[PDB]
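The structure appears right after this line, and notes come after that.
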Amino acid sequence: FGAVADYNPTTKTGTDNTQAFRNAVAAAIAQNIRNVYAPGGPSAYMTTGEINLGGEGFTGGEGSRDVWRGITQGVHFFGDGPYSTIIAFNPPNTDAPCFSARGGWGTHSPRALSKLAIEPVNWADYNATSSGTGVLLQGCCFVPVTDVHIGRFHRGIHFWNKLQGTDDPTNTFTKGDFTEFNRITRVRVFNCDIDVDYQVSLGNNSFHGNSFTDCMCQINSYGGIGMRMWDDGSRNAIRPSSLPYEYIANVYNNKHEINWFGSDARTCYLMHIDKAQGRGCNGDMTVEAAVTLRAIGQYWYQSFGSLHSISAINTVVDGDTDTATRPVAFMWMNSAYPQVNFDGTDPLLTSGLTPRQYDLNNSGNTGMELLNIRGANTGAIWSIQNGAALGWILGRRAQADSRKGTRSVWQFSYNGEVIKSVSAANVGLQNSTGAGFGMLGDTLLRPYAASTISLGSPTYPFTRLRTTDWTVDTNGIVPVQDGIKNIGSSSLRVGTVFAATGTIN
Amino acid sequence: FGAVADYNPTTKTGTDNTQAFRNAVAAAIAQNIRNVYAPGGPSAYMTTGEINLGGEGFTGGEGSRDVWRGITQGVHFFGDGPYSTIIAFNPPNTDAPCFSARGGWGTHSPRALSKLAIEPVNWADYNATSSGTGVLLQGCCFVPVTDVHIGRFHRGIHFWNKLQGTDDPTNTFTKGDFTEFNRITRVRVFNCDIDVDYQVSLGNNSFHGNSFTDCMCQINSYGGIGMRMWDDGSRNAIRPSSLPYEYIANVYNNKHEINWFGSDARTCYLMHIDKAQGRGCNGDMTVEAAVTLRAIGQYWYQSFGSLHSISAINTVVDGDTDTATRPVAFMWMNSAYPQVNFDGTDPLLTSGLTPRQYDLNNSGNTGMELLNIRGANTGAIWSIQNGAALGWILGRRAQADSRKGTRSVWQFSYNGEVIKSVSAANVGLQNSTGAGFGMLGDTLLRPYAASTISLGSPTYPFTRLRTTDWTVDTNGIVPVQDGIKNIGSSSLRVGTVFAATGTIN
Amino acid sequence: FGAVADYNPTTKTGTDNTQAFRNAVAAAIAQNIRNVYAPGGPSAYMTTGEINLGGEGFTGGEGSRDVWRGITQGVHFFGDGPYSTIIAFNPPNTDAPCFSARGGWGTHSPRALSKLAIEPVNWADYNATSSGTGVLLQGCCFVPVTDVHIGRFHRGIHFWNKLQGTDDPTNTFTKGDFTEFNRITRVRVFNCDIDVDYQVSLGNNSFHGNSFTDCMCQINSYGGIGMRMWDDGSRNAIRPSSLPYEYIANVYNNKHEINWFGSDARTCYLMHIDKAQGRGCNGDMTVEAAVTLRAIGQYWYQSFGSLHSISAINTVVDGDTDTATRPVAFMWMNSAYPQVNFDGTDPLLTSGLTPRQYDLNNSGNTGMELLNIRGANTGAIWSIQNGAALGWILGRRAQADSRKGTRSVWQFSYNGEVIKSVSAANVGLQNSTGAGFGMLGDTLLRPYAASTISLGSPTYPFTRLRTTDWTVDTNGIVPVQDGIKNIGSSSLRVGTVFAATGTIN
């Protein structure tokens, strides 16, 4: 179709292959041969315009569907290898993607992309901001993107919910654009401003089923964002609708298996949240160099995977996290990074003490551990490292604050000496029926049931009772002081005194 | 080979390409060029018969093996894309697959399939039952199925162990058909009656190593089963062998990473178990809309992954689950759905109370949480939300019933006031040597060792002893009533009384 | 390029296609068409020399990089299918690979390999040692290896850090060869001596981001190693530098999702560690038949995944594991296999008792379990199976030994009768202010604060005090023996005795 690969990096000139690519896509769609091959010629193919991958005129709504509930409009664009074929893209504006998937939502389409590189004509410096998008996905479902490279654009992968439903005059924003179920495997992004961007402007909240696996993301050192989930609030102006979770980007049930590489010099950003929620995600994440997680508002991110980093990971929150839904902003199976020191209210849990979750296997070698006992005798032991002065604590928390503000109730001590009711007085113990004994107001040792429980039996004597002014032992009943303590009283007299001698002194 | 793509959906007529496909497969096998290409012509290829992918006559047993322990019989059938090439399949009967992998077990074969769609000529209504199979896999190992679509068949993926060993006259069912180690990536199934079906009739129990990743399953609303594992009991008739786990489908060490979409109207089914066991599986599962898990008998399913759903998930069990092996029928890292309320036996754990596992990170924001203390002082705290009246309980369970029937032993109370032996009386405490003090039968406070432990010391007095009829304090030793209580007895007399006065009254 | 596929297994003769393959690779590199196609001819292609996949002369250092931070030297070598194309490799020596990736580190290269088999001309017996390498990867990043087979070589996959930096005269070994970020999907290895080998000789410690997924490894029965991570100590001779973790193979943040099949007869090896550390890995592992994990020295392996096996897994350690970093040598989310019986020091935790971690869901049906209570009343219960005589124990551990050597501090008993300070005497309890009561030296029952806490109140009497020689009850104050016990003393006299009678006896 007249496409040649003669891009010259030195002069930044070459043949514009956007028209040839569009003609190839249209011819592939028209004849139902839904695939276009781009061989690895002598140089890169210079492209200045967007490639729709579904043909010009397929920008939104329901695509043309056959009798089998499937979109007929689409092209599988593939090359020769991950770096064998090179596409040099010159974006007309900031949001122009080299490759896009726009149109039919709810069903599969033959649109796919593999084995090539989206890679810029103009390489913007890390100090400045770049323009262009690597791959755009709006209103598309089941669009595989496998074995591709993306380099130094404003956005590497852009999940978008932009268009509003054409039959929505009452502004519900419930029928329209939503992006779900996209497969991205073995994809590299190199120093983009936002490597992955979930954005909704006038579409639905749904971001469901999109999967990342075997991918690496190079976070830009100068304030780059590895992953962003945000709502621009464009539909807020049309309908205020002052409700917190109504206008959000709902990233739920998506897979995030990405190896992140950040910077140890200029505080790069790992995750950015702005009116969006990551709920019930999964996948294992890898981080190198220092990164920080930014949360704006009460919104949060929760995943069923785990992340590991040979680094220090920082966290910044620009508001009060919605504690009525999640304890902390960022959660995983192994760590929850927004760790805040205890507020100065609990006598034991004081300021300067920070809570950290279990980690489920004591990989840190310094935390508590759960163990079972096997062989003959059986039991369960949960243990702490030596030197832990606080010991084992039974505590409680409020709904307003989950981890900070934990109120200690019971303490068992490191040295195994005292069981202490830290926040309550008059502690005691009793049996199944409820009869028992305990303390009362720092002064009394009492039985719970009045005139029921006896001190000592003929089988189990006590051998002595020593009080401040009396002692009852083998020597007899004698006071501590001489001749000041009486036996009986003028109004409360004893009866008969049976003694062997029969005479005082 | 005479194959054309001219299927007409309106009239449901076209050229039958099953013979051309079979001829292409045979020619590929004969010349050892083990690949057949199906381009995306103007329409779908109409197929009426089964494609063996290993040639006609390769239905079971050991395949032809070279000097390198590998099957020589096989074809890699690939097209142009996930939806670029369309195959319209007309099943002769219910169990006829459009594509199959039958034959050699235990080693690899060049059989593979990718980039196409198994998609029906006759679209059965969701009310009625469909006929045909998308992909059949029996007695095959290492058959990759990548980037394919399957639509509205009786079965989408059918793992089968059908044929019995030809050299098995004593009916052991230990040598013969078993399916293991199959790779299924980026595969869609659309409203099939059973999306994935593990079935064994006269073969071995082995279903090992089969992996699902980056796949979505659309569960049929009208009683569709997303995943089924079942034995039809055909070998039970030949040899009764009344043993529970001998004749089962053993789905072990398989990967199940599937995004499920169900229905909120007509109770679709997620997993069905009928004389089969899922043991030591893994993978993360996604569910949307309401689904229910059905378990028939004592059989169970256990996985090392987790599943998440924005929905309510129901569970039905048609018998007593085998508690001697697993606590509940369905288990995961984050949830175990067969949650049954406590039986009305424990005084604390009463009916209307349901147990739920830890969830390992308190993602529900309402459960207990494990925490470590960091910085200077160190300790461990496991805490509960405010309002939990039952507090922290130490309980025990029987082997017959794991979670229901838990017997409470110790209670520590929410308000930090009493340590209660819920199911036992005569509670107490003692030191390392075993000497100590406690209760005895709701009436006695006793030391464990007779005539050993003394009440009070000169260093630590008690200042008073108040009984029902006596009190010993600074005022002296005086009774509660006047002139009825005696000092000594006629048979048990005191000795000498040393008093400063020397005269009564 | 003159390559033909006419290998004869019977005579082990054929045309040597190594020169044709090298010429094809060079021609592909020169014209920037970075892909070479190997169709599935009548037989296997006989190769006697190494294929560089980057051209002859590309053995290390930084590769030729364009203006876009990427290597221009490379070839994507692909065939027709996993077993459609066969390469019969005759290794000149032990370390000769059929396919290799040598050269530029830190950036991506167009080097890739897919859809073929590395498979030997000379099949060595399982008794003897084989020679050759399937795929070698040194100083290469982002080299995908998908859908390939490897058979009976000395090494299947060899990650290597061999070459030292040419500008390193002071022998720091910090600048030079390191292998990171390699993708290996759907790859089979059949009875190799070492299926996967991480080795560093004169390069950096970095082994980061390499991922294994959907792969199976057949461990050789006669002492085969499924996975090895080791340093040969070649740089130790140049610079002694007697530091433990300086010269190691750092396998960190790598994905290990491999289904292992071992042997139940001749003790095959699963993992071998020799001056290397696996830190922060992930992935789910499958094992069949008996395997053993070997650890040499203080080095360890830690992963964020889980492994399952229908077998018994053994563990051998050839030294004292570095407990200052990890508790045990091998750790996972579900198990930690180096389980050693308790040392004979704790009175409760005696020899013959072995600790095992929680497993997070009680999948073993025999261990303790964490549960939440839902519906109206709320609480938390952690429970043990019936018959566990040891009950619930609060214990502590030293840094030198994590699990063995755990010291029991508190016991709560199975029968809910005694709270025992196992390793300490003089146990007691007190309220928030610290005033309370307890034991002291097996003999005394004392209040913590002197002359503060009183025994009994007018509201809560005790009805009796029974000592060895006295009893105070409704009958009065009477001794246990007749006429030997006195009221008062010669030096410590009582005052006035108020009695109704006025006469002794």
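Don't worry about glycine lacking a Cβ; one is built from the backbone with ideal geometry, like all the others, and counts go over all protein chains shown. Each value in this text was obtained by applying a stated rule to the coordinates, not by laboratory testing.
The eigenvalues of the Cα gyration tensor, multiplied by 5 and square-rooted, give the range B:428-479 an equivalent ellipsoid with semi-axes of 25, 16, 8 Å from largest to smallest.
Axis of helix A:18-30 versus longest Cα principal axis of chain A: the two differ by about 90°, to the nearest ten degrees. Residue order for A:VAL36, A:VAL187, fewest other beta carbons within 10 angstrom first, comes to A:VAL36, A:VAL187.
An ellipsoid equivalent to chain C, defined through the eigenvalues of its Cα gyration tensor, has semi-axes of 75, 23, 20 Å when rounded to whole angstrom and sorted largest first. Taking the number of Cβ atoms within 10 Å of each Cβ as an exposure proxy, the fewest-first ranking of A:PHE261, B:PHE181 is A:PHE261, B:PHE181. Dimensions of the protein assembly as shown from C-alpha coordinates, computed as largest minus smallest value along each principal axis and given longest first, are 134, 78, 78 Å.
Please report the spacing between the Cα centers of the range A:390-422 and the range A:321-347 in Å, no decimals. Here the two parts' Cα centres lie 17 Å apart.
Plainly put, the tip 7 Å out from Cα toward Cβ on A:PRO244 is 4.8, 4.8 nm from that tip on each other copy, the closest given first.
Close amide H partners of B:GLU288, meaning residues 5 or more places away or on another chain with modelled amide H under 5 Å apart, are B:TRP260, B:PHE261, B:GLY262.
Of A:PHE212, B:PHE142, the sequence from fewest to most neighbouring Cβ atoms within 10 angstrom is A:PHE212, B:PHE142.
Helices in chain B, meaning DSSP H runs of at least 4 residues, each add -39500 (n - 2.57). Divided by all residues, the mean residue ellipticity at 222 nm is -1000 deg cm²/dmol. Between their Cα atoms, which of A:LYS485/B:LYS485; A:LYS12/C:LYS115; A:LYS275/A:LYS404; C:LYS275/C:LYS404 are more than 28 Å away from each other? A:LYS12/C:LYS115, as the Cα separations exceed 28 Å there.
With label points set 7 Å from Cα along Cα→Cβ, the inter-copy distances at C:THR501 are 1.7, 1.7 nm, sorted shortest first. Inter-copy label distances at A:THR15, using a point 7 Å along Cα-to-Cβ, come to 3.5, 3.5 nm with the shortest given first.
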